[PDB]
Amino acid sequence: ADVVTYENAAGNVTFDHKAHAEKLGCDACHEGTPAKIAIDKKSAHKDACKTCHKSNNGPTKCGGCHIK
Ligand code: HEC
Ligand code: HEC
Ligand code: HEC
């Protein structure tokens, strides 16, 4: 879909499925075939989201992703 907000206990986080793509052109998050990647407090903190953010001047902070 477009903007998807993950309402977890530690602050909701906002996947701008659209706005990220309006820069990043799907492929950036999706190796050729776009599909539902399992996002969790495992994935989202290990590599998914993180490594891209790390690779730029990303919001490298908990409150940088989570509303608080
Ligand atoms: C990385 C930040 C992403 C961008 C930018 C795009 N997608 Fe994505 N997509 C991403 C995740 C984290 C997920 C899982 C969402 C969930 O809770 O299941 C997805 C999922 C999809 C899906 C599933 C169906 C849907 O979202 O309606 C598809 C088909 C999909 N993504 C397509 C897609 C396209 C076409 C993108 C460019 C406009 C795109 N995604 C960007 C992560 C990210
Ligand atoms: C690169 C492949 C990215 C992935 C994967 C994710 N994000 Fe991201 N994010 C990315 C960029 C380039 C930026 C914006 C930088 C500037 O001009 O471009 C962001 C920013 C965010 C933000 C902050 C928005 C703001 O007000 O600046 C959020 C909330 C964010 N990203 C969340 C987010 C999540 C939760 C992701 C995985 C589900 C994720 N991003 C992946 C690049 C990339
Ligand atoms: C954006 C790239 C994130 C950063 C930086 C951090 N977190 Fe995160 N976190 C992110 C996502 C996409 C999720 C998904 C929701 C889920 O419940 O898995 C999470 C989840 C958490 C949770 C879980 C809360 C719950 O209800 O169980 C916590 C406790 C959490 N995140 C904490 C947290 C902290 C302390 C961070 C800084 C070190 C942090 N997150 C960074 C995305 C992102």
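Cut-offs and rules
Residues numbered from 1 in each chain as written, not as in the entry; some residues may be left out. Chains lettered and ligands numbered in written order. Heavy atoms only, no water. Donors = N, O, S within 2.8 Å, 3.2 Å for Na, K, Ca; no water. Tetrahedral: all angles 85-135°; square planar, octahedral: opposite > 155°, others 65-115°. Helix = DSSP H or I, 4+ residues; strand = E, 2+ residues; numbered from the N terminus. Buried < 20%, exposed > 50% of the residue type's maximum accessible area, 1.4 Å probe, protein only. UniProt positions renumbered as here; feature names shortened; annotations may be inferred. Contact = heavy atoms within 4.5 Å. Polar contact = N/O pair within 3.5 Å; in protein donor to acceptor, adjacent residues only side chain to side chain. Near = heavy atom within 4 Å. Nonpolar A, V, L, I, M, F, W, Y, C, P; charged D, E, K, R; others polar.

- Listed as the method for this PDB entry is solution NMR.

**Section: the coordination of the iron atom of ligand 1**
Okay, step 1: Coordination of the iron atom of ligand 1 by the protein is provided by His17 (NE2) and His30 (NE2), with metal-donor distances spanning 2.0 Å.
Okay, step 2: For the iron atom of ligand 1, the six donor atoms in the first shell make angles of 87 to 179° at the metal, a pattern classed as octahedral. Of this pair, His17 sits in helix α1 (residues 17-24) while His30 sits in the loop between α1 and α2 (43-46); the two residues are 13 residues apart in sequence, bridging distant segments of the chain.
Okay, step 3: With a relative accessible area of 16%, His30 lands in the buried category.

**Details of the coordination of the iron atom of ligand 3**
Okay, step 1: Protein-derived coordination of the iron atom of ligand 3 comes from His45 (NE2) and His66 (NE2), at a distance range of 2.0 Å.
Okay, step 2: Each of the six donor atoms around the iron atom of ligand 3 contributes to a set of angles spanning 88 to 178°, which defines the coordination as octahedral. A residue pair is termed long-range when its members are at least 10 positions apart, and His45 in helix α2 and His66 in the segment after α4 (62-65) qualify at 21 residues.
Okay, step 3: A relative accessible area of 46% means that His45 is categorised as partly exposed.

**Overview of the UniProt feature "binding site: heme 1" in the protein**
Okay, step 1: Per the UniProt record, "binding site: heme 1" is annotated on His17, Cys26, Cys29 and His30.
Okay, step 2: For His17, a relative accessible area of 41% gives the class partly exposed.
Okay, step 3: Discounting residues that sit within four places of it in the chain, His17 has contacts with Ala1, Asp2, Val3, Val4 and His30.
Okay, step 4: A polar side-chain atom of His17 sits 3.3 Å from the main-chain carbonyl oxygen of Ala1.
Okay, step 5: Beyond its immediate sequence surroundings of up to four residues, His30 is in contact with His17, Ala35 and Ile37.

**With respect to the environment of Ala19**
Okay, step 1: Residue placement: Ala19 occurs in helix α1.
Okay, step 2: Along the backbone, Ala19 and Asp2 are 17 residues apart, and their C-alpha atoms lie at a distance of 8.0 Å.

**Examining the site of ligand 3**
Okay, step 1: In the region of ligand 3, 16 residues are neighbours, and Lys41, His45, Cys62, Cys65 and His66 sit closest.
Okay, step 2: In this structure, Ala9 approaches ligand 3 through a main-chain N or O atom, which is 2.7 Å from an oxygen atom.
Okay, step 3: Between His45 and ligand 3, the recorded distance is 2.7 Å, taken from a side-chain N or O atom to a nitrogen atom.
Okay, step 4: Contributing elements (two or more residues each) for the shell around ligand 3: α2 and α4.
Okay, step 5: Residues that form the shell around ligand 3 fall into these classes: nine nonpolar, four polar and three charged.

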